[PDB]
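Undergrad: Before the rest arrives, take these chains from my complex:
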Amino acid sequence: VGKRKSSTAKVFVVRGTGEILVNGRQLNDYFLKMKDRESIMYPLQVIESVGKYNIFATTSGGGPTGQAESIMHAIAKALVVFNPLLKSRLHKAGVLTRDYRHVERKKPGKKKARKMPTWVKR
Amino acid sequence: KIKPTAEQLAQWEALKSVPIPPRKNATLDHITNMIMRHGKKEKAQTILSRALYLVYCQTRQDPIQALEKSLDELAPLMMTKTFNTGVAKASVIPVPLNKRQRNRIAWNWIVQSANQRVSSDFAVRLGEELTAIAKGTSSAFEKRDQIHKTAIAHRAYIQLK
Amino acid sequence: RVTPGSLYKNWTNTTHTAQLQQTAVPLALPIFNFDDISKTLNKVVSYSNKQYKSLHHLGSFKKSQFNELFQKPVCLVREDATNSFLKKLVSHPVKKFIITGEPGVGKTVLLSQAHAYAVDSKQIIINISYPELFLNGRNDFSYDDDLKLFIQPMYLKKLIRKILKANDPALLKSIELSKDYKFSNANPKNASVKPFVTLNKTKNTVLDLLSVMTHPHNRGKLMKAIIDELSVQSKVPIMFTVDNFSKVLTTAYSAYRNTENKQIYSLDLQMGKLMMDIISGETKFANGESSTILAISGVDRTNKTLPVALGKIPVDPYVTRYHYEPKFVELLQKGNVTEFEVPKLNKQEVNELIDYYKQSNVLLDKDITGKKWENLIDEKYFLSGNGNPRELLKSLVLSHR
Amino acid sequence: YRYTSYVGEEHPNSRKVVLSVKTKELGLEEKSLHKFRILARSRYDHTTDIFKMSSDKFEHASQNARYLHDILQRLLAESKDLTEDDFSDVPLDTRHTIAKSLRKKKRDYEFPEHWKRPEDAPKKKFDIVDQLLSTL
Amino acid sequence: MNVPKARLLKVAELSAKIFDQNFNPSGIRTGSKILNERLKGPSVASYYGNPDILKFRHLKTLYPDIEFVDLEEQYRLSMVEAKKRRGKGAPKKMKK
């Protein structure tokens, strides 16, 4: 299980020939942006194991890019079980780190998190 | 007791020599970010890649590499940065540029030169401009030359030398 | 402030219409023939010259494809996708297909292959690429009195011209007429001299009939006559095809307005009605081997109609006319349309495509140099969503990410 | 019949009673069952074959329950009539149910059964001291 | 909607008859929404509180034995007395 922003991705990674199913449908159908797909691939790409592992991702919450990132995160963790020696390498690549970047709340006086309303001197 | 299997060990060994692959071409990503405006990165990406495709079609050789070369050519290696100079004459100094800054300068010029082209779609205009630069024709080059000349004046205004 | 040479169009238009196929490597590839598929079963194949000529006229090669990448438009033969479809076409008694699949899977390409096959095997082809033109209201129309439907005599003329040119004249002029035909003349010459043009039964030909040039109000009559003639003749097979048939299914009512301000129904038009008649068991062609091959487009809208027509969903009666038109379904059921799902690419096929692209010199330097080939292929397969050809192509060429 | 009671408080929802039945569990013939379902309309869900209805019209809970019961009985009587009123040719309106489904989310998808690898699963590792211990 | 309209209307009428709910096929303003609205008056009335609450007056009634002192009242009385003393007392009220 991986997470990012509001997204949560439970991912079943298995040893069969490399095909993808995100949330009960084809990968290109779910993630339209190629960037998201590339991100998802990256854990399998740092290893030479894209094509080796079948991946069945199941996402919930957040938006598409965040969902894709959460899936990627989950996949790295799943891969780590298959061969523990690659764990360090995955960590170095920056896939085993849970991306903490959390949406800042709207503070009272400010318009958004940081965006304050205009100041005046006179 | 860890117990690593033989096949796993062999796989790890095979991996060890290979370096970790880069997630982005950095210069391209920077360019896409600069193009982008309202957190609408996807649109900027589409624009850029479409332009590069067009460039490739016009002149059949790696478009990214050609763009990088163009940037290298165009990017002025230093800039005559102005200073207050302790409340006196504003004595300008040549200052070396970071890679991003170098390519940022180039990109703005490229964008400007594209904006003079005809089409409605900016991506097309951009691609035409990139092809022209690859072939070797722009006012951007002239501007760079001028900048270099201005840097050459003020030789020893550099402080540490 | 524009020159002839400069590119003024938007991107997709530019790629279609500015000939950047000019600067491309010549490739001595094998030729597409159904009789010798055993030789070139899973290989890229350029079309024959005659096929190309026919295919362009028909309107098979489309704008949003990457046909600009090569000297001419190119496909590969596929055992699971194209070859199987061809076999079905050959074998089946009804010979009546609708090419379904996900967006970018290669339905048009399948259609183009089917057209090419028909050309090879001495068949006439009536292709209607993009029914949007006749369905959406962007050309003149008129209510004919004899035929109780709205004719469209700009589109119709174009369609007639396409029919004339796509097909060879020897095959087309082998057909003698069943009836005599009077038409209004509309030449620059013989306007005052010949007020009417007359085609006789045995003496005249289908080619001659096609070449007739009337006023707009007789154009629909001419079209009707031609269709009838083609239905009657048993000497040559007639391949009817409609690509982006999804639009037709969904756009039940056209943008045209009759005398009272309300939208005209698709079946109240000439073209759409004719098309529907061809689809169904109604305008039955005399010859065997005479097929209708429809094709969906992911571009267009999706709704309950097409699934209901096929063996997919039970008929919900309460869903709206907008999301389910039952007349169209009924028509589809009447003419036994067996659907054909275009399968996504296998790993081997993808590899073969990638190899071809490399040969043609489309691949980027970062893909080729300093990378294992099998690994690259696997990555490409992954990024396409396990072998969506268009998506794969986009990842290969239009990525730059 | 589900009743609700707020202990310390005097809520006005304590009067609310909710009857709920599976329609196949009701003693009906097939024609009559269909008619009953048609009569129910929005109250009958079709995915789960369940018909429920709540009444808050009356002051007390018991009253409301009685009213609900009476309604149910009336519905049953109507279903079992069949005299010059069959409702054989009015299909089941399932629009409310599809709207509800749309409002909610679905997890219908499952792991492909042919993707499974029982051979790759971790086999039982031999623990000798445990085996020795197990003398019972 | 291939299913006929009249039949659907009849079904709807029957359903309405079965339950208590009314059947308005024409779609005319009946006035149902005026009466059917739950009346909110008692809750509105109960806004400020329970007027019968114990006061200092009662703390003499309940417990005469205990000589209680209301402090605020006593203070007020002292203030009044002070005002009277220094010629700042209230003027005598007109009757007419």
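TA: Alright, I've got the coordinates. Residues are numbered from 1 along each chain as shown, chains lettered A, B, ... in the order given.
Undergrad: the longest helix in chain A is where?
TA: helix A:64-82 (DSSP state H).
Undergrad: For the spatially most central residue of chain D, give the beta-bridge partners.
TA: The centre of chain D sits closest to residue D:50, judged by C-alpha atoms, centre = their mean, with a distance of 4.1 Å. Residue D:50 has these beta-bridge partners by DSSP bridges: residue D:22.
Undergrad: Next, the contact list for it, please.
TA: Counting by C-beta atoms under 8 Å, 6 or more residues apart in numbering or on different chains, residue D:50 touches D:20, D:21, D:22, D:23, D:44. C-beta coordinates here come from the backbone N, C-alpha and C atoms, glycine included.
Undergrad: would CSV of those with neighbour count be doable?
TA: Below are the contacts of residue D:50 laid out as CSV (neighbours: other C-beta atoms under 10 Å in any protein chain shown):
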residue, neighbour count
D:20, 13
D:21, 15
D:22, 11
D:23, 19
D:44, 23
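Undergrad: So is the longest helix of chain A next to chain D?
TA: No. Judged by C-beta under 8 Å from any C-beta of the partner chain, helix A:64-82 and chain D are separated, with a smallest distance of 9.2 Å.
Undergrad: Can you give me the buried ones in the helix or strand that that helix is followed by?
TA: Downstream of helix A:64-82, the first helix or strand assigned by DSSP states H and E is helix A:87-93. Residues of helix A:87-93 classed as buried by neighbour count (16 or more other C-beta atoms under 10 Å in any protein chain shown): A:89, A:90, A:93.
Undergrad: now for the longest helix of chain A, which elements pack on it?
TA: Counting contacts by 3 or more C-beta pairs under 8 Å, 6 or more residues apart in numbering or on different chains; DSSP states H and E, helix A:64-82 packs against strand A:2-4, strand A:7-14, helix A:34-46, strand A:54-60, helix A:87-93.
Undergrad: my read: residue C:325 touches residue C:248, true?
TA: No. If you go by C-beta atoms under 8 Å, residue C:325 and residue C:248 don't touch, sitting 10.6 Å apart.
Undergrad: distance of the residue in chain E positioned nearest to chain A from residue D:6?
TA: Closest approach between chain E and chain A, counting by C-beta to the nearest C-beta: residue E:47, at 29.6 Å. Going from residue E:47 to residue D:6 by C-beta to C-beta, to the nearest Å gives 22 Å.
Undergrad: Who has more neighbours out of these two?
TA: Neighbour comparison, residue E:47 and residue D:6: the larger count goes to residue D:6, with 10 against 6 (by other C-beta atoms under 10 Å in any protein chain shown).
Undergrad: show me what contacts the closest residue to residue B:79 other than its chain neighbours?
TA: Using C-beta to C-beta, 6 or more residues apart in numbering or on different chains and skipping the chain neighbours, the partner closest in space to residue B:79 is residue B:95 (5.7 Å). Listed by C-beta under 8 Å, 6+ apart, the contact set of residue B:95 reads B:78, B:79, B:80, B:81.
Undergrad: switch the cut-off to 7 Å
TA: B:78, B:79, B:81 (C-beta atoms under 7 Å, 6 or more residues apart in numbering or on different chains).
Undergrad: Let's add RNA strand F too:
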RNA sequence: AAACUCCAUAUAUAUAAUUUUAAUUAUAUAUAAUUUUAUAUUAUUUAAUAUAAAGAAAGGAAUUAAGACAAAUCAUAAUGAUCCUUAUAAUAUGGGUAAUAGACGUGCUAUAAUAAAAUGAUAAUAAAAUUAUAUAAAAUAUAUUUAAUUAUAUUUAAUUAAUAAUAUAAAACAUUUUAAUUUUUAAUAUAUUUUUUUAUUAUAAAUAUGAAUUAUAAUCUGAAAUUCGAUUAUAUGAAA
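TA: Adding RNA strand F to the chains above:
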């Protein structure tokens, strides 16, 4: 001050007969870091940089001392002094707080093609929060010949709530269109660019931008919409 605190994060345990299910969750209780270790390179046993291996380990909120500004508040409320007590206290009906020369802040909408509009039902993808002084689903009717959309009416299914409703999130992405633009159209031919090409004919500073201002008709809330409210339609289409 820092720290303990809250939110968020990672892990563990517990509980939930996995129909109130979202277990990819929720919530109690812990543990976790103001991270650690080592090799080197500069400056003097340590401290900054770099490299490496170990880790999920990276933020936000609350808290803003003493004094000062006779800073703000007697219109949250209370109290001192002072003034009013048939009036400066109390109730009703209407009007005003919304007046308009110029001026000053904050915003909103704009001035079109790296940007606007149509469409997108096996309904692409969220979170947080509200619903007994209620939330109002489906469906029918009218605006509107199909229907959808949007707006009202008709009438209340369900739920006072991890159960039903507010509510199919929207950008995104895709096709289509887009004046300025003879950078297009349509009549002919033309053809291996056919949702298109070429040839020759005719196509002659605010729009198919913007939405101020106004006219009429309806609808909504309320007992009541004139001063003075909110929608929808048909027109109006400033400035920029």
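Undergrad: and the contacts of residue B:95, now that RNA strand F is in?
TA: Applying C-beta under 7 Å, 6+ apart, we find residue B:95 in contact with B:78, B:79, B:81.
Undergrad: beta partners of the first one?
TA: Beta-bridge pairing of residue B:78, defined through DSSP bridges, involves residue B:96.
Undergrad: tally of neighbours for it?
TA: Burial of residue B:78 is recorded as 17 neighbouring residues (other C-beta under 10 Å).
Undergrad: circling back to that earlier point, which one of the contacts of residue B:95 is nearest to residue C:234?
TA: In terms of C-beta to C-beta, no member of those lies closer to residue C:234 than residue B:79, at 81.6 Å.
Undergrad: and the residue of chain B nearest RNA strand F?
TA: Closest to RNA strand F within chain B is residue B:122: 2.8 Å, counting by C-beta to the nearest atom of the strand.
Undergrad: Spatially nearest residue to that residue (excluding sequence neighbours)?
TA: Leaving aside its sequence neighbours, residue B:122 sits nearest to residue B:47 (C-beta to C-beta, 6+ apart; 6.4 Å).
Undergrad: distance of that neighbour from residue B:64?
TA: Residue B:47 is 15 Å from residue B:64, by C-beta to C-beta.
Undergrad: touching chain E at all, the lengthiest helix in chain D?
TA: Taking DSSP H as the criterion, chain D has its longest helix at helix D:61-79. Yes. Helix D:61-79 reaches chain E (C-beta under 7 Å from any C-beta of the partner chain) through D:71, D:74, D:75, D:78.
Undergrad: so does that helix get close to RNA strand F?
TA: No. Helix D:61-79 does not reach RNA strand F (C-beta under 7 Å from any atom of the strand); its nearest approach is 8.6 Å.
Undergrad: show me what contacts whatever residue of chain C ends up closest to chain E?
TA: In chain C, the residue that lies nearest chain E is residue C:317 (5.1 Å; C-beta to the nearest C-beta). If a contact means C-beta under 7 Å, 6+ apart, then residue C:317 has D:91, E:2, E:3 as its contacts.
Undergrad: mind running it again at 8 Å?
TA: Applying C-beta under 8 Å, 6+ apart to residue C:317 gives the contacts D:91, E:1, E:2, E:3.
Undergrad: what do you get for residue A:20?
TA: If you count contacts by C-beta under 8 Å, 6+ apart, residue A:20 has them with A:26, A:27, A:40, A:55, A:57, C:382, C:385, C:386.
Undergrad: can you list those in JSON lines and add distance to residue C:136?
TA: Shown next, in JSON lines, are the contacts of residue A:20 (distance: C-beta to C-beta, whole Å):
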{"residue": "A:26", "distance to residue C:136": "31"}
{"residue": "A:27", "distance to residue C:136": "34"}
{"residue": "A:40", "distance to residue C:136": "39"}
{"residue": "A:55", "distance to residue C:136": "42"}
{"residue": "A:57", "distance to residue C:136": "40"}
{"residue": "C:382", "distance to residue C:136": "39"}
{"residue": "C:385", "distance to residue C:136": "31"}
{"residue": "C:386", "distance to residue C:136": "35"}
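Undergrad: Please identify the helix or strand for the nearest residue to residue C:136 once chain neighbours are set aside.
TA: Counting by C-beta to C-beta, 6+ apart, residue C:136 lies nearest to residue C:255, which is 5.3 Å off, once chain neighbours are set aside. Using DSSP H and E, residue C:255 sits within strand C:253-257.
Undergrad: Fine, thanks again, bye for now.
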